[PDB]
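Starting off, we have a lone chain in the form deposited in one PDB entry, written out as structure tokens.
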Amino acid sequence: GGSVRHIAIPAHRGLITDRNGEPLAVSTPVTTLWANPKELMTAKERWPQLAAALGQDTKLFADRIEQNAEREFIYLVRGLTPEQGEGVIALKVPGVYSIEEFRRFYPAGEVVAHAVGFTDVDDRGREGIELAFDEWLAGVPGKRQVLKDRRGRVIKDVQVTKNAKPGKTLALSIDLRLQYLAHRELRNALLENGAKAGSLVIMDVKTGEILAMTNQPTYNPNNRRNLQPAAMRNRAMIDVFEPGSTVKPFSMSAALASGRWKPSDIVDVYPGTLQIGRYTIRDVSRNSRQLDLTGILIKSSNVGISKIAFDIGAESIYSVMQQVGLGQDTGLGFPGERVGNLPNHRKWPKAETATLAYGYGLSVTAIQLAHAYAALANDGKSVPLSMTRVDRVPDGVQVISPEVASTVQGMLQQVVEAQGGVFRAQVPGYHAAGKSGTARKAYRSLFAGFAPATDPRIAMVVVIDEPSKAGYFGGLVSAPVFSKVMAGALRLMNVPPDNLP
């Protein structure tokens, strides 16, 4: 008949929305039932009714109460709806009490599971945005005092010590409309190509906002029963790979800025191979002799870009790749985030100079590759990444000069539109620019690009992990995904068509 115990006042966790206010993580009022076993010991004849209302075995529930007969607090069931909780409270079983707290609900479910993340049973962020912005969303729990007897029965409220401070609303950079589009089209591409995993990243090249980030396979954060680590893998930020041919536009940017190269220059790639010591550079397509700079990207001649790299030096190429964020920390503060590796040399040997130029030796993520193409599309200005809505666009860094960036934009537009190019990446009504490639671990189908080519707004990267249907080539598997998703992204954002007659 006299013992004051402190009780936590759970705080209302902050709402998570997309960039337009569409709900993504909502704190839902729930009812948690707990029991005082000392009072349950006085009403044993009520146990089978209480056990059935809780969905528990009659004898197993009796064992649990008997084993905790000296305790004053045990959980019965957490996170019931207010209807279910009041149904058990209506039994008037001595020693059964209720707690009003909150539990997260995710309206979009698996569509944005990896980005939003999830909380645990204690309403604590444990993955994705929920963890990365946990202190912002969690608030501060309150403190209250309650009087319990020496047999554990609640008597009265003493006083409230500290009031609970609710969490703060957080608006993400994701556009839920684009997220739905990217989710389904990436899912359709895996089925059509017989692929098991993949990622797709959409970025606003002016603001650095991540407009969409989907990974396959995915999971429903509202369930998470029998969940495999394969589905919980945020591949766009975690899976590192050699970007290969997709970084040749950045080797070309260093060449165009050195003063020694122009798009009309010719490189002899015959016979499709090149001997560097014991190492032998080899192109996939070996049916070319002379190619201009655009033809080097269209044919993806590793020999052609290696000879250019030897002429300008690997340092100029490393500098461009470093400043656009390849192999660098993103600063997003996401859990499990992997940085990759951009190797550096005091004296770049001839072998490492070539492999750097056509994308071997270094490892990046799909987020880093999208960020790098965002800077190229943004007239050479790199804007830091953001998973939250950007109202005030930060002052970027001019990595590539606007003239050179504009020249590479046109070259990548020809990669998509010229004869023998990646025509499955064309967006109807628009001019699209990009570059296909393949990453190795068995392949990874890559396509990175942006649109409109003449005035870029949206950068996109499509990763398809091991197509089993036919052809692991990026121009065949990933480019059709780019076309469909970019078309919907341009329309939803009211980007005016630049390729109409």
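Heads up, when I say rigid core I mean the largest set of C-alphas that superpose within 1.5 Å between the two forms. All residue numbers refer to positions in the sequence shown, first residue = 1.
Heads up, the form deposited in another entry isn't pictured, but that's what we're talking about next.
Among the candidates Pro402, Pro82, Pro271, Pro107, displacement between this form and the one not shown reaches 2 angstroms at the C-alpha for one position only, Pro82 (superposition on the rigid core). A movement of the C-alpha atom of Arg151 reaching 2 angstroms or beyond is seen between this form and the one not shown when the two forms are aligned on their rigid core. For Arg46, the Cα coordinates differ by 2 angstroms or more between this form and the one not shown after the core has been superposed. Comparing the forms between this form and the one not shown, the C-alpha position of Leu291 differs by less than 2 angstroms, with the core used for superposition.
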